[PDB]
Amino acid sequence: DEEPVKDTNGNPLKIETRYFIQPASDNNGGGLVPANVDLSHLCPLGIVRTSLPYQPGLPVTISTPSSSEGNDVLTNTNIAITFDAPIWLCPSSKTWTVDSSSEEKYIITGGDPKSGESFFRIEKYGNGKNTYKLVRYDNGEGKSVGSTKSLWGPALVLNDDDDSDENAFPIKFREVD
C-alpha cells in the first residue's frame, strides 16, 4: 500500500498530470477512450479500447482525497480517474465510476470526484514492470476491473473479485507532455 505507481518510463505518477491509460495487454489496438456501451443509451459513457493501432487513448488525470503524498500517486490507495477533454457530449462528469444498475457493471463516466463511488485503487499486475490493474471495493469486497464485449469493442467492466490477475485488464500509464 506504499509502492508509488510508475508510468511507462518508470517515473512516479503525479496528480494533476495527464496520462494515457493504455492496455499493457494485447497490442493490436490503441488506448482507452470513451464510447457508448450499447444502443440503449448514449450517455453516460463507457470505457473502450480503441481498435485503431496508433490512437493513444483519451487522457485522464488522477485525483487524490487527502494531501498525504503531496502530488504522488501510491498503490493500493483511493484515487479518482477523470478523463481530460475540451469537449464532452454528455451532461454528466468525466470521472470514472461503476454502473450499479448495469447488470454487467460497466465502468462509466459521470461519477462524482469527491464521492466514494468514483473510488478505485491501483494494484501491481503480474510481474511486468510499470504494469498494473485497477480494483474497486464497492461494499468491502475487492474486485478488479476487467473487460467484456461491447458495441464498439472491449469495454471495461467490474469483475466479481480480485482473487487473481487472470481476469484483470492490465494497464500502463503513459505520460502526456
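In case it trips you up, residue 1 is the first one in the sequence shown, and so on.
Novice: Quick one: say whether 45-53 or 108-116 has the higher mean Cα B-factor in the deposited entry.
Specialist: Going by the record's values, the stretch with the higher mean is 108-116.
Novice: Comparing average C-alpha B factors as deposited, tell me which of 131-139 and 145-153 sits higher.
Specialist: The stretch with the larger mean CA B-factor is 131-139.
Novice: Sorting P59, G30, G70, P34 by Cα temperature factor from the record, which one lands on top?
Specialist: The listed residue with the largest C-alpha B-factor is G70.
Novice: Looking at the C-alpha B-factor of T97, is it in the lowest, middle or highest third of its chain?
Specialist: As the PDB entry reports it, the C-alpha B-factor of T97 lands in the middle third of its chain.
Novice: State the tercile, meaning the lowest, middle or highest third, of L74 with respect to the CA B-factors recorded for its chain.
Specialist: According to the entry, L74 has a C-alpha B-factor in the chain's highest third.
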